[PDB]
């Protein structure tokens, strides 16, 4: 038996119903788990500063949860709790409402010359806010699971932060993971998921990857030995490679791993094939598909690289049932 998951995003009452459309179909393909990214795109009751009526309401949200439940789909909301506080020249809700919590105050206007802004990982107000959002979203969905993001954190320990300047980037990162863990797991008893790229040494030859996005080039990877190992690592690599050497890196470290793909058809294939080289390790959980080129959630069950490959793994969950007549 295997985890088969799909990553979808939702930010409006519409995009939610689009997803609802595809849940029945996506189930029949074989999806049994839905990672649902929300960010700050829910009408928050718990913080009025981050609320706008033009995003997902409590009603639409309780329907996705309703539908996942009827279809026995493990639902896991995601809020990115450190990096990805902006995209291109739009800064997201938290940092425009709380500019004091920016890790790089006063530096990159309109986000020129950086990938994405990040929150200050040392400022306690961040955790006060984030913990409040994690509690609300896990409530409206009636779930005990949370994905905290933590991918592609390039801005951390920056000189501009009065709070983090000069500090060790890996310890700051491990500090973020461990604060989130203390709330989601220690206090709430949830299961917590995260992206794994910051835990990998890019320069390492067995576990490293080419770029500076799929693996760490800013020295955060030592945090892998400073965080609790019941955290589920979502390990994403979207290029066709003959070896995805970070799967066994995470596995031997004690983590449960969820390999993650995007586009490529073969690239997807190759990840799945290499992940299945460890099929008989239970900490090799399964697989997650992404369709980042799909911005609506319409025909998500038609995502081509998934529909082909999914039976690939569906077989381990077939369950011979025997004639009832």
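Positions refer to the first chain, counted from 1.
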item	value
Of 178-186 and 136-144, the stretch whose C-alpha atoms average the higher B-factor in the entry	136-144
Segment of higher mean CA temperature factor, 14-22 or 309-317	309-317
Highest-ranked of 271, 257, 34, 38 once sorted by CA temperature factor in the record	271
Entry-reported Cα temperature factor of residue 162, expressed as the chain third it lands in	middle
Cα B factor band for residue 77 (lowest, middle or highest third within the chain)	lowest
Where the record places residue 244 (Cα B-factor, split into thirds across the chain)	highest
Ranked C-alpha temperature factor of residue 210 among modelled chain residues, by third	highest
Ranked against its chain, the third holding the CA B-factor of residue 100	middle
